[PDB]
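Chains as they are written, first to last, in the numbering used here: chain A, 594 to 669; chain B, 38 to 166; chain C, 501 to 641; chain D, 412 to 494; chain E, 51 to 200. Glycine included, C-beta positions come from ideal geometry on N, C-alpha and C.
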Amino acid sequence: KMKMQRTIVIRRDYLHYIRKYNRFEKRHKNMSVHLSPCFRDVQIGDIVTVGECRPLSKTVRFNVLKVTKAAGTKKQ
Amino acid sequence: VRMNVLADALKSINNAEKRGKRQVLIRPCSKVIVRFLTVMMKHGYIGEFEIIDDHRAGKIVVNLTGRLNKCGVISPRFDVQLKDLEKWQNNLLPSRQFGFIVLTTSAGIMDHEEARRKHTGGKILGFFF
Amino acid sequence: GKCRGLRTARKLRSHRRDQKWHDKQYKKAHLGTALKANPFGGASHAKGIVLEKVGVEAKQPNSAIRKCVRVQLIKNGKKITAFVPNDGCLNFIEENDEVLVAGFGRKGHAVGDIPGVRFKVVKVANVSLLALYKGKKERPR
Amino acid sequence: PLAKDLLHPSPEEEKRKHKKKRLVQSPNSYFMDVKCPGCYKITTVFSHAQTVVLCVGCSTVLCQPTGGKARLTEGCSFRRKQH
Amino acid sequence: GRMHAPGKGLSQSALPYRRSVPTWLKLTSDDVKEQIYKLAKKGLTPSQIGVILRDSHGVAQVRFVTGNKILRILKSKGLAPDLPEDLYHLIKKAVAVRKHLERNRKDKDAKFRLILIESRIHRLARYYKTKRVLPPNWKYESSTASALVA
RNA sequence: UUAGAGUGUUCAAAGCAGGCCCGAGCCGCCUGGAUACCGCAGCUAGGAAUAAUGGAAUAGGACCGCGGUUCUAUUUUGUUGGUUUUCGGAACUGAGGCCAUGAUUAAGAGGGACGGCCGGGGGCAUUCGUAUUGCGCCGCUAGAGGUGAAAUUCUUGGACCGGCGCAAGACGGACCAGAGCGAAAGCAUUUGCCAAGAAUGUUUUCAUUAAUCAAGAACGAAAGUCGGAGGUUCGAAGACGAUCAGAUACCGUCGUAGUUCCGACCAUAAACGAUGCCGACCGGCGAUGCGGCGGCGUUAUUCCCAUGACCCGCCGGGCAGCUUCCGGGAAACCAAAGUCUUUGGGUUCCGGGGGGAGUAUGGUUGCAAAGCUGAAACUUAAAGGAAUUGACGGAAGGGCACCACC
RNA sequence: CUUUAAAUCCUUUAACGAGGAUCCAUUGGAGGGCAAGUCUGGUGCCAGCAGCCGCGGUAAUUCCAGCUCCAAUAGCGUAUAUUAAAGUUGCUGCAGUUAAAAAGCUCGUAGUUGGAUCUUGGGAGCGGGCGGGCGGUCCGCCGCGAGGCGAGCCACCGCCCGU
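Here's what the structure looks like:
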């Protein structure tokens with residue numbers, strides 16, 4: 594999501610292992626992170642690397658350090 | 038459609054061994070399947086086979102031999118943390134004295150006795166005895 | 501005929517968390533309505549006074565008149581029928597006696613010829629019903 | 412025990428199987444030449460045609476696509492399988 | 051088996067093993083590349099262009115004698131269709147049926163076949179949209195669609 | 001704490017304790033109280049088979065090349081203090097370069113195009129065939145219908161029968177089959193028209209686009225409901241006549257709803273193959289439908305030729321059949337209900353003894369009928385499937401007997 | 001006496017302290033499952049027993065008792081919760097034609113699974129090491145210091161087999 598100004602909402606997929614079966618179970622937990630207001634040109638659906646921080650807000654703890662996907666997208 | 042292309046090949050020889058034929062052909066081919074049958078041939082469980090080549094896929098012919106009893110496949114491709122390996126070869130094998138289970142590994146595909154010496158693990162493929 | 505996948509651990513799990521409910525040996529023991537209708541509060545035994553003494557017949561194949569007691573509990577104030585298991589030990593039971601009642605021996609079911617009675621009597625006014633029979637004790641008169 | 416070679420079968424059993432079920436699959440058609448009746452500009456034409464062909468040397472139709480194999484209007488020289 | 055009507059059909063073509071020039075008629079890629087344009091300009095989908103080159107001209111496969119298949123040729127020059135050749139026809143069948151459907155209302159067979167065909171198209175849109183051939187903001191309407199097609 | 005090592009708490013459960021050497025002469029010595037296990041998550045570092053995932057396609061990697069702008073200083077006579085250069089780097093910018101210049105194959109996966117067909121596939125119009133009922137006209141007569149037997153019924157107001165026509169509504173007999181198509185319910189008069197579809201045939205195209213499926217959506221026989229038009233036959237309900245002890249049933253004469261048609265609701269059937277979908281493999285055989293192929297003779301033509309119709313075979317996909325100890329199963333049976341303790345191709349729904357019950361209540365859809373979702377209290381020792389022997393049949397096939405008949 | 005703030009019990013030495021009821025062993029059974037009586041008296045579909053199948057209406061192997069035997073032995077039955085048995089909750093591991101059981105059929109989003117392919121190949125290469133026939137050797141017998149063998153302590157070498 595590219596909603597409310599100066600912060601974005603990121604899904605985060607990962608696998609949880611059930612002990613009983615020998616099989617995994619997909620989950621996901623999505624969290625808000627601040628942003629550098631330098632940035633337009635941060636599309637959605639693209640990977641990002643995020644770092645920990647002091648509790649910026651009620652639900653804003655992690656903060657964005659560098660975005661990581663532009664080649665699999667449109668014109669140069 | 039076809040999903041576990043290892044599974045279909047093994048059932049193709051297993052059903053052909055039960056009848057008593059000498060040769061059998063399997064429809065698809067792969068390194069996973071070629072490196073599989075070589076494990077059997079390295080133990081003498083089968084004869085000597087040929088790998089027809091095309092541009093499409095390749096189709097292996099195998100010269101079966103009356104030495105293997107059953108050639109199963111185990112899916113999904115599990116893990117073997119080398120502490121579960123002794124459980125597997127006791128609830129999936131006829132006995133400890135004979136029969137081997139093949140499990141893929143960071144050092145190639147190899148039957149479990151190889152895994153113990155190279156002291157590693159990895160995902161599991163199938164079994165024969 | 502199965503899921504058997506490798507990222508399917510949830511479906512194998514929310515299926516068995518669903519089909520367990522059809523195991524009546526489990527639906528009873530894990531649903532609050534099963535214990536609620538138990539005259540005992542799930543207890544092993546339950547005291548309660550005797551409000552009359554009645555006899556009850558036997559089923560078709562063999563005839564008799566099993567002797568019983570209409571014990572009312574004090575825990576819930578319910579009313580239950582209690583078999584008096586012994587040979588002619590309905591002479592020590594009397595009205596307003598506070599007898600001790602136990603499960604009959606089939607975990608909440610009748611047993612044999614007795615129709616609809618799931619409870620037997622172990623003590624009578626704080627003396628053992630076995631003790632009264634063999635005579636070791638004696639109920640003061 | 413019905414032990415027969417699936418590697419070296421007769422060149423005549425291979426016609427007793429589908430276009431796909433042979434040892435190494437190969438099309439059942441064959442590219443053929445035609446002498447263009449009345450003229451000497453010899454053109455190529457595919458045996459299992461699904462389209463007509465019209466000859467400036469004839470001004471009349473040459474091959475007629477019917478079913479799954481072509482039928483030629485007038486006989487001509489027919490080379491085959493130079494591929 | 052098929053995707054919507056049952057039956058494990060099997061009538062597909064079968065390429066030869068030999069990957070060489072026919073060596074009966076070369077007419078090398080300079081001619082063919084500049085030849086396909088005449089057929090593509092005259093108006094023929096890349097599906098039909100292979101026929102006329104195969105049936106009369108004589109070509110094993112355009113991918114053999116020339117460099118690349120009939121779309122990669124038509125991609126560079128600027129003769130790639132507006133819509134992919136399989137999608138364009140699927141809309142035609144979806145449009146003609148809808149035309150017949152607004153007249154013969156109780157023709158329950160068409161009202162069914164239209165449901166399969168709109169499902170085929172919407173499956174191709176959700177595939178092309180990933181491969182960037184079609185823009186993300188594309189949407190099949192069933193009303194604005196007949197204006198795209200003759 | 002579990003495991004386990006060392007140790008004689010008299011043994012053990014335990015405990016982390018103890019053993020020497022001598023009166024004691026040393027102004028004491030030797031030691032113990034360890035190890036493994038402790039997922040999942042986080043950190044670290046070797047392995048890179050399998051499984052995700054990535055990279056230059058309308059230009060991108062390479063060559064410390066020669067050019068601009070714009071700036072950030074280190075330190076040289078000015079030790080410090082202000083000014084100009086170059087270098088190094090950083091930002092955008094000018095020509096050609098070395099790329100073997102970058103696009104794996106095209107699946108007995110799939111979509112799509114193409115060609116000749118095929119099919120009681122679907123819709124709309126068109127057309128025919130007898131039959132039934134009604135009626136007009138003419139003929140001859142006294143009975144006609146109907147059942148096991150009759151009667152209600154039909155005629156002295158000429159019925160039933162025979163002939164020529166007229167009107168109506170339904171229905172497609174015989175051809176019609178273990179034959180065809182459709183997802184299933186289902187579909188059979190000639191002709192036309194509209195649009196679709198499987199299968200084959202392909203040295204065409206795209207290059208993974210595909211399998212299965214909660215929530216959701218289209219179709220869903222019969223019956224039933226709502227409005228309009230028609231109502232031949234049959235006909236729930238109804239009134240009668242019979243048989244019966246009763247017969248508000250079977251049987252017979254009438255007969256409303258209904259049956260058929262156009263427009264909407266309803267979403268249920270032993271809607272059955274009581275047998276999920278897709279994919280692979282394991283026996284033979286004679287035929288059947290469609291397509292294409294190879295064929296020697298015949299028949300339609302005066303000519304192989306275009307093509308039918310016969311006749312011999314092959315290949316794919318169908319509906320199905322016969323046989324076999326491949327192999328399963330409780331067995332009847334099964335080329336799937338096989339490849340199942342020698343169990344694991346992928347995926348959906350669903351059952352846990354019988355009854356209470358598919359009931360009560362709650363939610364929800366429905367004009368109504370009802371449909372979907374859906375318990376417990378209590379009760380019970382058996383409910384239930386296949387085969388085997390008998391008994392029995394107002395069940396058929398043979399045969400005998402005056403305790404049977406003629 | 002010892003133990004311990006103080007006593008208490010075990011431990012150590014005293015004076016007494018066993019002839020069958022002294023110093024007396026039970027709790028549940030004897031139809032089957034399930035070890036052990038087709039023994040005697042009573043009761044007569046009564047009393048009652050019995051987890052279940054079942055016994056009781058004149059000969060009760062089951063009731064009430066006597067005798068004899070059986071189970072566990074300072075413990076043993078009863079009640080209920082619970083685990084194994086349970087392949088009757090089944091991921092290893094269940095079933096669905098008829099025994100309960102597959103939506104009427106199709107489409108289909110979440111969800112699950114997804115064809116093939118990027119040295120699936122060698123060198124008298126170089127060397128270290130396990131066992132192994134080997135050519136050699138320090139080495140061990142043998143020999144006359146002219147000589148004969150390679151495996152058996154020690155292994156070494158160029159080489160092959162053993163994935």
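Between residue i and residue j, which are expected to be in contact by the criterion C-beta below 8 Å, what is the C-beta distance as a whole number of angstroms?
| i | j | result |
| --- | --- | --- |
| B/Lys-124 | B/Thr-141 | No, B/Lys-124 and B/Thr-141 are not in contact; Cβ-Cβ is about 18 Å, not under 8 Å. |
| B/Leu-105 | B/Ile-83 | 7 Å |
| B/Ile-146 | B/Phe-73 | 7 Å |
Against residue i, what residues of chain C qualify as contacts under a CB-to-CB distance less than 8 Å, listed in chain order?
| i | result |
| --- | --- |
| A/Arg-604 | Going along chain C, no residue has its Cβ under 8 Å from A/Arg-604, so there is no contact; the nearest lies around 17 Å. |
Put residue i into one of helix, strand or coil per three-state DSSP.
| i | result |
| --- | --- |
| E/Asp-132 | coil |
| C/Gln-572 | strand |
| C/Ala-610 | coil |
| E/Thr-194 | coil |
| C/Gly-532 | helix |
| D/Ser-488 | coil |
| E/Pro-96 | helix |
| E/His-172 | helix |
| C/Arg-507 | coil |
| B/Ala-53 | helix |
| B/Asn-100 | strand |
| B/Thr-75 | helix |
| A/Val-626 | strand |
| B/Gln-60 | strand |
Between residue i and residue j, what straight-line distance do the alpha-carbon atoms span, to the nearest angstrom?
| i | j | result |
| --- | --- | --- |
| C/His-609 | C/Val-617 | 8 Å |
| B/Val-71 | E/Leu-65 | 25 Å |
| C/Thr-581 | C/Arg-570 | 5 Å |
| D/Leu-413 | B/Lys-55 | 13 Å |
| E/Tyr-138 | E/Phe-162 | 21 Å |
| D/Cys-487 | D/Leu-465 | 15 Å |
| A/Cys-631 | E/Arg-52 | 53 Å |
| E/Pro-134 | B/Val-38 | 26 Å |
| D/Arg-490 | B/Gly-95 | 32 Å |
Residue i versus chain B: which residues are under 9 Å apart at the beta carbon?
| i | result |
| --- | --- |
| C/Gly-505 | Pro-113 |
Taking the Cβ atom as the reference point for each residue, do residue i and residue j lie within a distance shorter than 8 Å?
| i | j | result |
| --- | --- | --- |
| E/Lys-142 | E/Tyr-87 | no |
| C/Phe-540 | C/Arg-566 | no |
| E/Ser-70 | E/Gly-117 | no |
| C/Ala-631 | C/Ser-544 | no |
| E/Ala-90 | E/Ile-99 | yes |
| B/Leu-47 | B/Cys-108 | yes |
| A/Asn-656 | A/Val-635 | no |
| C/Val-554 | C/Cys-568 | yes |
| A/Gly-638 | A/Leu-658 | no |
| C/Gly-605 | C/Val-611 | yes |
At 9 Å on the CB atoms, spell out the chain D contacts of residue i, in chain order.
| i | result |
| --- | --- |
| E/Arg-68 | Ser-437 and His-494 |
Closer than 8 Å by beta-carbon distance: list the chain D residues that pair up with residue i, in chain order.
| i | result |
| --- | --- |
| B/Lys-55 | Within 8 Å Cβ-Cβ: nothing; B/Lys-55 doesn't reach chain D, min ~12 Å. |
| B/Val-98 | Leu-417 and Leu-418 |
| E/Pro-72 | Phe-442, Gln-493 and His-494 |
| B/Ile-50 | Chain D residues near B/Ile-50: none, gap ~13 Å exceeds 8 Å. |
Give the residues of chain D in contact with residue i, contact being defined as C-beta atoms less than 7 Å apart.
| i | result |
| --- | --- |
| B/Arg-59 | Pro-412 and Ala-414 |
| E/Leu-75 | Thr-455 |
Hey, would you say the C-beta of residue i is under 7 Å away from at least one heavy atom of the ligand ADP?
| i | result |
| --- | --- |
| A/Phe-632 | As for the ligand ADP, it is missing from this structure, which has no ligand bound. |
List the residues of chain E that residue i touches, going by C-beta distances under 8 Å, in chain order.
| i | result |
| --- | --- |
| D/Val-464 | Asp-105 and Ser-106 |
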